[PDB]
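Listing of entry-v2.pdb; format and content: PDB, C-alpha atoms.
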ATOM      1  CA  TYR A2982      30.057  93.934 134.072  1.00  0.00           C
ATOM      2  CA  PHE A2983      30.582  96.286 131.116  1.00  0.00           C
ATOM      3  CA  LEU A2984      30.908  99.772 132.649  1.00  0.00           C
ATOM      4  CA  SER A2985      34.510  99.155 133.748  1.00  0.00           C
ATOM      5  CA  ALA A2986      35.675  99.282 130.126  1.00  0.00           C
ATOM      6  CA  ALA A2987      33.618 102.425 129.450  1.00  0.00           C
ATOM      7  CA  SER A2988      35.501 104.129 132.290  1.00  0.00           C
ATOM      8  CA  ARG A2989      38.777 102.477 131.261  1.00  0.00           C
ATOM      9  CA  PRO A2990      39.491 105.373 128.849  1.00  0.00           C
ATOM     10  CA  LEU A2991      38.679 107.526 131.863  1.00  0.00           C
ATOM     11  CA  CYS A2992      41.062 105.205 133.706  1.00  0.00           C
ATOM     12  CA  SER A2993      43.572 105.521 130.848  1.00  0.00           C
ATOM     13  CA  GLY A2994      43.584 109.250 131.505  1.00  0.00           C
ATOM     14  CA  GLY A2995      43.956 108.415 135.182  1.00  0.00           C
ATOM     15  CA  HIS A2996      46.746 105.878 134.652  1.00  0.00           C
ATOM     16  CA  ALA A2997      48.732 108.524 132.773  1.00  0.00           C
ATOM     17  CA  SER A2998      47.947 111.216 135.361  1.00  0.00           C
ATOM     18  CA  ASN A2999      48.595 109.172 138.524  1.00  0.00           C
ATOM     19  CA  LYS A3000      51.913 108.000 137.036  1.00  0.00           C
ATOM     20  CA  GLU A3001      52.897 111.557 136.085  1.00  0.00           C
ATOM     21  CA  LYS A3002      52.374 112.227 139.815  1.00  0.00           C
ATOM     22  CA  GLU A3003      55.227 109.745 140.390  1.00  0.00           C
ATOM     23  CA  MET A3004      57.778 112.243 139.026  1.00  0.00           C
ATOM     24  CA  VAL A3005      58.632 113.442 142.539  1.00  0.00           C
ATOM     25  CA  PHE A3009      55.527 106.238 148.948  1.00  0.00           C
ATOM     26  CA  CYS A3010      56.468 108.860 146.362  1.00  0.00           C
ATOM     27  CA  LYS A3011      56.052 106.772 143.197  1.00  0.00           C
ATOM     28  CA  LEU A3012      53.588 104.389 144.881  1.00  0.00           C
ATOM     29  CA  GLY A3013      50.790 105.910 142.801  1.00  0.00           C
ATOM     30  CA  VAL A3014      52.486 104.407 139.761  1.00  0.00           C
ATOM     31  CA  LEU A3015      52.883 101.244 141.833  1.00  0.00           C
ATOM     32  CA  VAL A3016      49.137 101.503 142.412  1.00  0.00           C
ATOM     33  CA  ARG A3017      48.618 102.227 138.698  1.00  0.00           C
ATOM     34  CA  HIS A3018      50.723  99.213 137.709  1.00  0.00           C
ATOM     35  CA  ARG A3019      48.561  97.336 140.207  1.00  0.00           C
ATOM     36  CA  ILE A3020      45.542  98.917 138.503  1.00  0.00           C
ATOM     37  CA  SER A3021      46.835  97.679 135.136  1.00  0.00           C
ATOM     38  CA  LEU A3022      46.972  94.101 136.399  1.00  0.00           C
ATOM     39  CA  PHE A3023      43.594  94.650 138.094  1.00  0.00           C
ATOM     40  CA  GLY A3024      41.880  94.807 134.708  1.00  0.00           C
ATOM     41  CA  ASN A3025      44.150  92.120 133.245  1.00  0.00           C
ATOM     42  CA  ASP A3026      44.013  89.332 135.848  1.00  0.00           C
ATOM     43  CA  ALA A3027      40.196  89.363 135.639  1.00  0.00           C
ATOM     44  CA  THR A3028      40.169  88.923 131.846  1.00  0.00           C
ATOM     45  CA  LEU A3034      37.479  99.014 121.612  1.00  0.00           C
ATOM     46  CA  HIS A3035      40.337 101.522 121.377  1.00  0.00           C
ATOM     47  CA  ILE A3036      41.642 100.722 124.872  1.00  0.00           C
ATOM     48  CA  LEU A3037      44.698  99.095 123.260  1.00  0.00           C
ATOM     49  CA  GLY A3038      45.803 102.544 122.133  1.00  0.00           C
ATOM     50  CA  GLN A3039      44.362 104.173 125.255  1.00  0.00           C
ATOM     51  CA  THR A3040      46.346 102.026 127.695  1.00  0.00           C
ATOM     52  CA  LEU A3041      49.542 102.124 125.621  1.00  0.00           C
ATOM     53  CA  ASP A3042      49.401 105.925 125.429  1.00  0.00           C
ATOM     54  CA  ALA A3043      48.765 105.933 129.180  1.00  0.00           C
ATOM     55  CA  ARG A3044      52.062 104.079 129.599  1.00  0.00           C
ATOM     56  CA  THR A3045      53.613 106.372 126.977  1.00  0.00           C
ATOM     57  CA  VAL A3046      52.754 109.335 129.200  1.00  0.00           C
ATOM     58  CA  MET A3047      53.860 107.228 132.173  1.00  0.00           C
ATOM     59  CA  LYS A3048      57.289 106.626 130.637  1.00  0.00           C
ATOM     60  CA  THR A3049      57.679 110.343 129.875  1.00  0.00           C
ATOM     61  CA  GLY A3050      55.954 111.934 132.876  1.00  0.00           C
ATOM     62  CA  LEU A3051      57.918 109.755 135.333  1.00  0.00           C
ATOM     63  CA  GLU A3052      61.282 109.876 133.530  1.00  0.00           C
ATOM     64  CA  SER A3053      63.180 111.558 136.381  1.00  0.00           C
ATOM     65  CA  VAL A3054      64.615 108.364 137.909  1.00  0.00           C
ATOM     66  CA  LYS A3055      65.185 106.315 134.753  1.00  0.00           C
ATOM     67  CA  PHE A3061      61.725 107.215 143.688  1.00  0.00           C
ATOM     68  CA  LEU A3062      61.857 103.534 142.725  1.00  0.00           C
ATOM     69  CA  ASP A3063      58.325 102.199 143.271  1.00  0.00           C
ATOM     70  CA  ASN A3064      57.204 101.729 139.655  1.00  0.00           C
ATOM     71  CA  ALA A3065      60.114  99.637 138.351  1.00  0.00           C
ATOM     72  CA  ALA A3066      59.765  96.946 141.031  1.00  0.00           C
ATOM     73  CA  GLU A3067      56.351  95.638 139.918  1.00  0.00           C
ATOM     74  CA  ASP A3068      57.310  95.798 136.221  1.00  0.00           C
ATOM     75  CA  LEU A3069      57.449  91.994 136.071  1.00  0.00           C
ATOM     76  CA  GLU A3070      53.796  92.018 137.154  1.00  0.00           C
ATOM     77  CA  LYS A3071      52.919  94.937 134.872  1.00  0.00           C
ATOM     78  CA  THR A3072      54.505  93.476 131.727  1.00  0.00           C
ATOM     79  CA  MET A3073      52.735  90.169 132.345  1.00  0.00           C
ATOM     80  CA  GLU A3074      49.550  92.220 132.735  1.00  0.00           C
ATOM     81  CA  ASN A3075      50.101  93.476 129.188  1.00  0.00           C
ATOM     82  CA  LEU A3076      50.760  89.833 128.273  1.00  0.00           C
ATOM     83  CA  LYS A3077      47.375  88.760 129.659  1.00  0.00           C
ATOM     84  CA  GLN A3078      45.645  91.829 128.167  1.00  0.00           C
ATOM     85  CA  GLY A3079      47.518  92.041 124.856  1.00  0.00           C
ATOM     86  CA  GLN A3080      46.048  88.747 123.636  1.00  0.00           C
ATOM     87  CA  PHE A3081      42.715  89.436 125.376  1.00  0.00           C
ATOM     88  CA  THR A3082      41.263  91.937 122.883  1.00  0.00           C
ATOM     89  CA  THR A3098      48.227 101.942 112.997  1.00  0.00           C
ATOM     90  CA  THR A3099      50.114 105.165 113.735  1.00  0.00           C
ATOM     91  CA  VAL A3100      48.504 105.712 117.158  1.00  0.00           C
ATOM     92  CA  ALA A3101      48.751 102.169 118.605  1.00  0.00           C
ATOM     93  CA  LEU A3102      51.915 100.721 117.053  1.00  0.00           C
ATOM     94  CA  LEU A3103      53.620 104.065 117.647  1.00  0.00           C
ATOM     95  CA  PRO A3104      53.053 103.682 121.433  1.00  0.00           C
ATOM     96  CA  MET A3105      54.522 100.170 121.234  1.00  0.00           C
ATOM     97  CA  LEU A3106      57.773 101.919 120.301  1.00  0.00           C
ATOM     98  CA  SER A3107      57.291 103.884 123.533  1.00  0.00           C
ATOM     99  CA  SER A3108      56.828 100.579 125.380  1.00  0.00           C
ATOM    100  CA  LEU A3109      60.345  99.406 124.520  1.00  0.00           C
ATOM    101  CA  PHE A3110      61.540 102.979 125.086  1.00  0.00           C
ATOM    102  CA  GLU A3111      60.630 102.605 128.764  1.00  0.00           C
ATOM    103  CA  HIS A3112      62.695  99.406 128.802  1.00  0.00           C
ATOM    104  CA  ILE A3113      65.488 101.179 126.902  1.00  0.00           C
ATOM    105  CA  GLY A3114      65.004 104.126 129.285  1.00  0.00           C
ATOM    106  CA  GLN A3115      65.147 102.062 132.478  1.00  0.00           C
ATOM    107  CA  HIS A3116      68.227 100.067 131.414  1.00  0.00           C
ATOM    108  CA  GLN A3117      70.315 103.088 132.499  1.00  0.00           C
ATOM    109  CA  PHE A3118      69.581 102.812 136.231  1.00  0.00           C
ATOM    110  CA  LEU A3124      67.816  97.375 138.301  1.00  0.00           C
ATOM    111  CA  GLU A3125      67.672  94.466 135.854  1.00  0.00           C
ATOM    112  CA  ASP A3126      63.944  93.857 136.442  1.00  0.00           C
ATOM    113  CA  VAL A3127      63.158  96.200 133.538  1.00  0.00           C
ATOM    114  CA  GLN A3128      65.152  93.782 131.364  1.00  0.00           C
ATOM    115  CA  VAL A3129      63.024  90.876 132.613  1.00  0.00           C
ATOM    116  CA  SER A3130      59.923  92.955 131.892  1.00  0.00           C
ATOM    117  CA  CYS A3131      61.163  93.680 128.354  1.00  0.00           C
ATOM    118  CA  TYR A3132      61.503  89.938 127.757  1.00  0.00           C
ATOM    119  CA  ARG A3133      58.065  89.616 129.367  1.00  0.00           C
ATOM    120  CA  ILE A3134      56.933  92.206 126.828  1.00  0.00           C
ATOM    121  CA  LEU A3135      58.860  90.196 124.226  1.00  0.00           C
ATOM    122  CA  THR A3136      56.527  87.281 124.972  1.00  0.00           C
ATOM    123  CA  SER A3137      53.461  89.277 123.914  1.00  0.00           C
ATOM    124  CA  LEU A3138      55.318  90.983 121.054  1.00  0.00           C
ATOM    125  CA  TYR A3139      56.582  87.773 119.434  1.00  0.00           C
ATOM    126  CA  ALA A3140      53.103  86.231 119.598  1.00  0.00           C
ATOM    127  CA  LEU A3141      51.380  89.445 118.458  1.00  0.00           C
ATOM    128  CA  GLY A3142      51.820  88.535 114.781  1.00  0.00           C
ATOM    129  CA  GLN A3152      60.873  99.758 115.787  1.00  0.00           C
ATOM    130  CA  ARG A3153      64.429  98.685 115.009  1.00  0.00           C
ATOM    131  CA  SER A3154      65.787 101.963 116.391  1.00  0.00           C
ATOM    132  CA  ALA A3155      64.563 101.506 119.971  1.00  0.00           C
ATOM    133  CA  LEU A3156      65.222  97.752 120.025  1.00  0.00           C
ATOM    134  CA  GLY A3157      68.654  98.331 118.494  1.00  0.00           C
ATOM    135  CA  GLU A3158      69.617 100.904 121.120  1.00  0.00           C
ATOM    136  CA  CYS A3159      68.487  98.539 123.889  1.00  0.00           C
ATOM    137  CA  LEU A3160      70.980  95.884 122.741  1.00  0.00           C
ATOM    138  CA  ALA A3161      74.389  97.592 122.600  1.00  0.00           C
ATOM    139  CA  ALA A3162      73.725  99.977 125.520  1.00  0.00           C
ATOM    140  CA  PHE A3163      72.745  97.134 127.898  1.00  0.00           C
ATOM    141  CA  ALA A3164      75.488  94.610 127.109  1.00  0.00           C
ATOM    142  CA  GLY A3165      78.271  94.721 129.691  1.00  0.00           C
ATOM    143  CA  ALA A3166      77.735  97.671 132.036  1.00  0.00           C
ATOM    144  CA  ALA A3170      71.552  88.075 133.074  1.00  0.00           C
ATOM    145  CA  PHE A3171      72.374  91.591 131.882  1.00  0.00           C
ATOM    146  CA  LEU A3172      71.639  90.603 128.262  1.00  0.00           C
ATOM    147  CA  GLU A3173      67.980  89.765 128.944  1.00  0.00           C
ATOM    148  CA  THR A3174      66.770  92.990 127.302  1.00  0.00           C
ATOM    149  CA  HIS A3175      69.228  92.447 124.449  1.00  0.00           C
ATOM    150  CA  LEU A3176      67.554  89.058 124.051  1.00  0.00           C
ATOM    151  CA  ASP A3177      64.278  90.999 123.852  1.00  0.00           C
ATOM    152  CA  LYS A3178      65.589  92.808 120.762  1.00  0.00           C
ATOM    153  CA  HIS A3179      65.400  89.808 118.414  1.00  0.00           C
ATOM    154  CA  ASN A3180      62.253  88.599 120.215  1.00  0.00           C
ATOM    155  CA  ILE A3181      60.372  91.878 119.588  1.00  0.00           C
ATOM    156  CA  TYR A3182      61.780  93.126 116.267  1.00  0.00           C
ATOM    157  CA  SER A3183      59.600  90.626 114.382  1.00  0.00           C
TER     158      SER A3183
END
Is it possible to express this structure as C-alpha cells?
Amino acid sequence: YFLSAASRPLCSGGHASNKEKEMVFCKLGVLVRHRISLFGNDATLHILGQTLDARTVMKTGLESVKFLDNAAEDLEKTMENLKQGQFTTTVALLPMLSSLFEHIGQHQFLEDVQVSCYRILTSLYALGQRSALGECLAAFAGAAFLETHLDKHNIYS
C-alpha cells in the first residue's frame, strides 16, 4: 500500500542502525539490511536522501573490515539502487559521494565491490565527486581488477 514508504524513513534509521550493528552471522544484519534494500526495490519523497544517508552511516558504522556478510550481496544491493534510483542538493548528492566511498573503501580488502561500483555506475550514468572516483582508479589498478576503475569514467559524468 502506502504505509511502507511512511515507515521507510523509520526503516532508513533502521537500515543505518542494523548495519552499524555489523561492526563486530555477525554482519548478517547488514546482509538482512541489503536484503531489506532490495525488498523495497524489487517490488517497485525525501527517501532518496534518507536511504543514501542510511548507506552513508552503513559505510562508516561498518568500516572495520573494509565479518564479510555485507560485501557478498553487494551485486544485489547495487542493482537494488539501480531499480530504485530510477523509480522515484547538498544532502542527497553529498551521500552519493559516500556511495562511491564505500566502493573506494572496499577495494582495499573481494572484487564484488568493483562489480557493484559498475552496477552503481549504471544508475549514475543514466541519472543525468572527482576526488572519490579518482582515488578509486589508481588505488585499484594492479594490486577484472579494473572494473571499479571503469566505474570512474562511468560515474564522473
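Proximity of A:3073, A:3022, A:3159, A:3113 to residue A:3134, computed with all atoms listed in the file, is greatest for A:3073.
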Once the PyMOL selection byres ((chain A and resi 3140) around 10) has been evaluated on this model, what residues remain selected, and can you format them as a VMD selection string?
chain A and resid 3076 3079 to 3080 3135 to 3139 3141 to 3142 3180 to 3181 3183
For those residues, write C-alpha atoms to a file as a PDB file, keeping the file's coordinate frame.
ATOM      1  CA  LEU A3076      50.760  89.833 128.273  1.00  0.00           C
ATOM      2  CA  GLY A3079      47.518  92.041 124.856  1.00  0.00           C
ATOM      3  CA  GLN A3080      46.048  88.747 123.636  1.00  0.00           C
ATOM      4  CA  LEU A3135      58.860  90.196 124.226  1.00  0.00           C
ATOM      5  CA  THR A3136      56.527  87.281 124.972  1.00  0.00           C
ATOM      6  CA  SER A3137      53.461  89.277 123.914  1.00  0.00           C
ATOM      7  CA  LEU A3138      55.318  90.983 121.054  1.00  0.00           C
ATOM      8  CA  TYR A3139      56.582  87.773 119.434  1.00  0.00           C
ATOM      9  CA  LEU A3141      51.380  89.445 118.458  1.00  0.00           C
ATOM     10  CA  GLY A3142      51.820  88.535 114.781  1.00  0.00           C
ATOM     11  CA  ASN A3180      62.253  88.599 120.215  1.00  0.00           C
ATOM     12  CA  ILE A3181      60.372  91.878 119.588  1.00  0.00           C
ATOM     13  CA  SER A3183      59.600  90.626 114.382  1.00  0.00           C
TER      14      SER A3183
END
Could I get the residues of stretch 3036-3174 of chain A with an atom no further than 12 Å from an atom of stretch 2994-3002 of chain A, each paired with its nearest atom pair and that distance in Å to one decimal, using all atoms listed in the file, sorted by chain and residue number, as JSON lines?
{"residue": "A:3036", "atom": "CA", "partner": "A:2994", "partner_atom": "CA", "distance": 11.0}
{"residue": "A:3038", "atom": "CA", "partner": "A:2994", "partner_atom": "CA", "distance": 11.7}
{"residue": "A:3039", "atom": "CA", "partner": "A:2994", "partner_atom": "CA", "distance": 8.1}
{"residue": "A:3040", "atom": "CA", "partner": "A:2996", "partner_atom": "CA", "distance": 8.0}
{"residue": "A:3041", "atom": "CA", "partner": "A:2997", "partner_atom": "CA", "distance": 9.6}
{"residue": "A:3042", "atom": "CA", "partner": "A:2997", "partner_atom": "CA", "distance": 7.8}
{"residue": "A:3043", "atom": "CA", "partner": "A:2997", "partner_atom": "CA", "distance": 4.4}
{"residue": "A:3044", "atom": "CA", "partner": "A:2997", "partner_atom": "CA", "distance": 6.4}
{"residue": "A:3045", "atom": "CA", "partner": "A:2997", "partner_atom": "CA", "distance": 7.9}
{"residue": "A:3046", "atom": "CA", "partner": "A:2997", "partner_atom": "CA", "distance": 5.4}
{"residue": "A:3047", "atom": "CA", "partner": "A:3000", "partner_atom": "CA", "distance": 5.3}
{"residue": "A:3048", "atom": "CA", "partner": "A:3000", "partner_atom": "CA", "distance": 8.5}
{"residue": "A:3049", "atom": "CA", "partner": "A:3001", "partner_atom": "CA", "distance": 7.9}
{"residue": "A:3050", "atom": "CA", "partner": "A:3001", "partner_atom": "CA", "distance": 4.4}
{"residue": "A:3051", "atom": "CA", "partner": "A:3001", "partner_atom": "CA", "distance": 5.4}
{"residue": "A:3052", "atom": "CA", "partner": "A:3001", "partner_atom": "CA", "distance": 8.9}
{"residue": "A:3053", "atom": "CA", "partner": "A:3001", "partner_atom": "CA", "distance": 10.3}
{"residue": "A:3061", "atom": "CA", "partner": "A:3002", "partner_atom": "CA", "distance": 11.3}
{"residue": "A:3063", "atom": "CA", "partner": "A:3000", "partner_atom": "CA", "distance": 10.7}
{"residue": "A:3064", "atom": "CA", "partner": "A:3000", "partner_atom": "CA", "distance": 8.6}
{"residue": "A:3065", "atom": "CA", "partner": "A:3000", "partner_atom": "CA", "distance": 11.8}
Residue nearest residue A:3132 - candidates A:3155, A:3005, A:3176, A:2992, atoms counted: only C-alpha atoms:
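The closest residue to residue A:3132 is A:3176.
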Show me, as AutoDock Vina command-line options, the centre and edge lengths in Å to one decimal of the axis-aligned box that covers every listed atom of stretch 3141-3163 of chain A with 5 Å on each side.
--center_x 62.9 --center_y 95.2 --center_z 121.3 --size_x 33.0 --size_y 23.4 --size_z 23.1
Which residues would end up in the selection if the PyMOL selection byres ((chain A and resi 3106-3110) around 7) were applied here, given that I need the answer as an NGL selection string?
:A and (3045 or 3102-3105 or 3111-3114 or 3131 or 3152 or 3155-3156)
Could those selected residues go to a file with C-alpha atoms, as an mmCIF file, in the coordinates of the input?
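Wrote out_35.cif, looks like this:
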data_model
loop_
_atom_site.group_PDB
_atom_site.id
_atom_site.type_symbol
_atom_site.label_atom_id
_atom_site.label_comp_id
_atom_site.auth_asym_id
_atom_site.auth_seq_id
_atom_site.Cartn_x
_atom_site.Cartn_y
_atom_site.Cartn_z
ATOM 1 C CA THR A 3045 53.613 106.372 126.977
ATOM 2 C CA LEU A 3102 51.915 100.721 117.053
ATOM 3 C CA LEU A 3103 53.620 104.065 117.647
ATOM 4 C CA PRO A 3104 53.053 103.682 121.433
ATOM 5 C CA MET A 3105 54.522 100.170 121.234
ATOM 6 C CA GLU A 3111 60.630 102.605 128.764
ATOM 7 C CA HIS A 3112 62.695 99.406 128.802
ATOM 8 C CA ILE A 3113 65.488 101.179 126.902
ATOM 9 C CA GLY A 3114 65.004 104.126 129.285
ATOM 10 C CA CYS A 3131 61.163 93.680 128.354
ATOM 11 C CA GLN A 3152 60.873 99.758 115.787
ATOM 12 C CA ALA A 3155 64.563 101.506 119.971
ATOM 13 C CA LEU A 3156 65.222 97.752 120.025
#
Calculate how many Å separate atom CA of residue A:3115 from atom CA of residue A:3054, rounding to one decimal.
8.3 Å
Translate the PyMOL selection byres ((chain A and resi 3019) around 12) into a concrete residue list for this structure, as number ranges by chain.
A: 2996, 2999-3000, 3012-3018, 3020-3026, 3063-3075
Residues proximal to (69.7, 87.8, 126.8) were defined as those with any atom within 12 Å of that point in the file's coordinates, counting all atoms listed in the file. Which are they, as a list in words?
residues 3125, 3128, 3129, 3131, 3132, 3135, 3159, 3160, 3161, 3163, 3164, 3165, 3170, 3171, 3172, 3173, 3174, 3175, 3176, 3177, 3178, 3179 and 3180 of chain A
Pairwise distance for atom CA of residue A:3011 and atom CA of residue A:3077, rounded to one decimal in Å
24.1 Å
I'd like the interatomic distance between atom CA of residue A:3010 and atom CA of residue A:3127, to a tenth of an Å.
19.2 Å
Counting only C-alpha atoms, the residue of A:2991, A:3182, A:3082, A:3009 that sits nearest residue A:3154:
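Going through A:2991, A:3182, A:3082, A:3009 one by one, the smallest distance to residue A:3154 is for A:3182.
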